[PDB]
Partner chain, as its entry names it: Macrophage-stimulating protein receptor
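Listed next as structure tokens is one chain, alone, in the form deposited without its partner chain.
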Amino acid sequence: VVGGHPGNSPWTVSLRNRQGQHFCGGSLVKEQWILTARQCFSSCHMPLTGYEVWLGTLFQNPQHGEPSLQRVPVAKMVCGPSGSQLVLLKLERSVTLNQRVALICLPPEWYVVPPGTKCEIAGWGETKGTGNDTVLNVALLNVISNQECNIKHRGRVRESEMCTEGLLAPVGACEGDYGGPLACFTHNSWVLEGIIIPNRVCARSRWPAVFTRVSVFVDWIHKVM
């Protein structure tokens, strides 16, 4: 995350490859289910031998004896509908919920986050020289309407996508942050309204970020789970 600061986000998880390395983020939606981005995977039938999800630590590379660290093998991937840019990962085991590891709520089907809503992005991805890129960083964004977004994006943003306000300072989620959550605090709950996806340009001054809009796809998520 560029332009952010060290923080905690107990529903954000780290996806780990065969070499034990962080490659993408994810969002804890059920005790054994992680919602993430399709662009984190080479195919929908990717060989996921050796892949795990790590939870409960602020560090990208924690000491393996770390008390709050949970490490769970990936059981399987399920690709979302065409145009969703989503993947669900089932874990080989159900994680244990505590103060460091918490489920984020799913939105109601078709729900539109109102403009001006404040949301948080989080991840262990690149900071482009704006911070320590080996701890969890967070940034606060502000939702804008798709109509307002599509002025600068010239109509490219789909109904299946949502946007946040372009920031004057370079701020946003880039490489290694894909699949993590856009979490919005509304109606007395943190709710997973978006998933971080690749954009044409990342953390670019005055350019609105675009996320996949989770409320469009919640029928599929519930069905799969």
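Positions refer to the first chain, counted from 1.
field: Mean temperature factor over C-alpha atoms, higher-scoring stretch between 122-130 and 150-158
entry: Taking the mean B-factor of the alpha carbons in each, 122-130 is higher.
message: So, looking at the entry's B-factor column for Cα atoms, which has the higher mean, 213-221 or 14-22?
response: Looking at the recorded C-alpha B-factors, 14-22 comes out higher on average.
- prompt: According to the deposited entry, which of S27, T57, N199, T164 has the largest Cα B-factor?
  reply: The record points to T57.
- prompt: Among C44, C40, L168, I195, which residue carries the highest C-alpha B-factor recorded in the PDB entry?
  reply: Checking the PDB record, the top C-alpha B-factor among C44, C40, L168, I195 is at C44.
field: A102 CA temperature factor, ranked by third within the chain
entry: Ranked within chain, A102 CA B lands in the middle tercile.
- prompt: According to the PDB entry, is the CA B factor of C174 in the bottom, middle or top third of its chain, that is, lowest, middle or highest?
  reply: Ranked within chain, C174 CA B lands in the highest tercile.
query: Which third of the chain holds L86 when residues are ordered by C-alpha B factor: lowest, middle or highest?
result: Lowest third - that is where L86 ends up once the chain's C-alpha B-factors are sorted.
task: Looking at the entry's B-factor column for C-alpha atoms only, identify whether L136 ranks in the lowest, middle or highest third of its chain.
output: Its C-alpha B-factor belongs to the middle third of this chain's values.
task: Would you mind checking where the Cα B-factor of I144 ranks among the modelled residues of its chain, as the lowest, middle or highest third?
output: Tercile = lowest for this residue's CA B-factor.
Not pictured, yet referred to below: the form solved in complex with its partner chain.
message: Between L167, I34, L55, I197, only one gets a heavy atom within 4.5 angstroms of its partner chain in the bound PDB entry; which residue is that?
response: Of the candidates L167, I34, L55, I197, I197 is the one lying within 4.5 Å of its partner chain in the bound PDB entry.
Partner contact for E66 in the bound PDB entry: its partner chain, 4.5 angstroms, heavy atom: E66 lies outside the contact set for its partner chain.
query: Are any of the heavy atoms in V157 no more than 4.5 Å from a heavy atom of its partner chain in the bound PDB entry?
result: Yes, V157 lies within 4.5 Å of its partner chain in the bound PDB entry.
message: Taking its partner chain as it sits in the bound PDB entry, is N61 near enough to touch it, meaning that at least one heavy atom pair lies within 4.5 angstroms?
response: Contact check for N61: no, nothing within 4.5 Å of its partner chain in the bound PDB entry.
message: Does any part of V210 reach within 4.5 Å of its partner chain in the bound PDB entry? Heavy atoms only, please.
response: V210: contacts its partner chain in the bound PDB entry.
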